[PDB]
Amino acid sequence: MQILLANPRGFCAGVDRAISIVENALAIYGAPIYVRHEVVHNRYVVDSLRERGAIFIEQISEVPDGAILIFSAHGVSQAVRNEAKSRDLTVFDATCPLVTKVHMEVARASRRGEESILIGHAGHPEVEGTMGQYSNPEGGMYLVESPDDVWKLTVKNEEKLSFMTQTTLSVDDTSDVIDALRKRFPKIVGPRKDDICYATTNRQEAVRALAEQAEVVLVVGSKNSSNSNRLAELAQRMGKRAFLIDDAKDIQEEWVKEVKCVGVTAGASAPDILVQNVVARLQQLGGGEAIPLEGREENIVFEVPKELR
C-alpha cells in the first residue's frame, strides 16, 4: 500500500494565530483563561488547552468578573462583543483576520440600512458572528444555504443588495449559490468570487488531486469542523471512500484492506502530530513511506497581538 499526503494540509494562519493566542495568554496570565467557543474546531487542541487551564464557554455570563476572555477564531456577534465590553473583563480577540474582513462588510451594509445575504450553514458559530454584525431594522440580513433557498428568498430593495460568504464552504457548491443569486438579483453586489479563504480553497484543490490517485481518503479533523467536512465530502463525491477522523485510533482496518493507494489530508484546525500518528498506523496496516504530493506553496502568517508576545 502506497500512502500519499495532500498538499497543502493542516494548519492555516488563522488557526496557528488563535491557538498561539490562547497558549500565550495561559503563559502570561496563568490559568484560568476563558475562551468563548472552542478556539478552533479540533478536539485534540481543545482537550489539550483545557488540561492546561483554558475554560471553554458559550455565553459571557458564564465568565466571572476580573477574568481574561478570548474570542474564538470563528468570531463573535456585536451583541457578544458589547456584552463582554461592558464588563470588567480583559478581552483578546482570536478571530481570524479573514473572518473580520467579512464582518466589516456586513457592518457597512448595516450602517446603510441596505440588505445583505450571507451564504453559509445555519447554526455554525462563524455564521452567528457574521449575521451578528448586522442590526439595522430598516434593512435586513438573510441566510441562504443552497440555490433553492435563493429561489425562495424575497427582499425589500433588490436594487441595493450585497452578498457575503462563510470562509469554509465548498468552493463548487458556493459557485452554484452565487450563480442563482445573480440570476435572481441582477443588481447584487459582492466580491469577485466569494469570501472563502485561501486555506479552504487550497485544501480543497489538494484533496481533489489526492483523490484522483487514492482509492480511499482519510481526513484528519473533528466532526464539528466545517472546512474538514468539506474535504471528506469532496473526495466522496469523486467516488472515493473518505472518512473524517480525529486520530489514528478511529481507523478501521476494513477501510484499507487490499487498498493499493490511501490518501491522507487534514483540515485547517488539525495539528500535524495527528497526521504523523495516522501515517504510523497506516504503516502498521502495511503502508510504505508517506509521499507528499507537489502542491501550491502557502506563505501567509498572522502574528499574535503585541500584548500577547
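Just count from 1 along the sequence shown to find any residue number.
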Can you tell me which stretch has the higher mean Cα B-factor, 268-276 or 26-34? 26-34
Quick note on 240-248 and 61-69: per-entry mean CA temperature factor is higher in 61-69
Sort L231, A214, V102, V144 by C-alpha B-factor from the entry and give me just the highest. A214
Among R108, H124, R192, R182 - the residue whose C-alpha B-factor is largest in the record: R108
Please say which third, lowest, middle or highest, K156 falls into when its CA temperature factor is compared across its chain. highest
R87 CA temperature factor, ranked by third within the chain: highest
Here the Cα B-factor of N136, set against its chain, lands in the third termed highest
Binned into thirds over the chain's modelled residues, the C-alpha B-factor of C261 lands in the highest
Quick tally, chain-level thirds of C-alpha B-factors: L308 sits in the highest
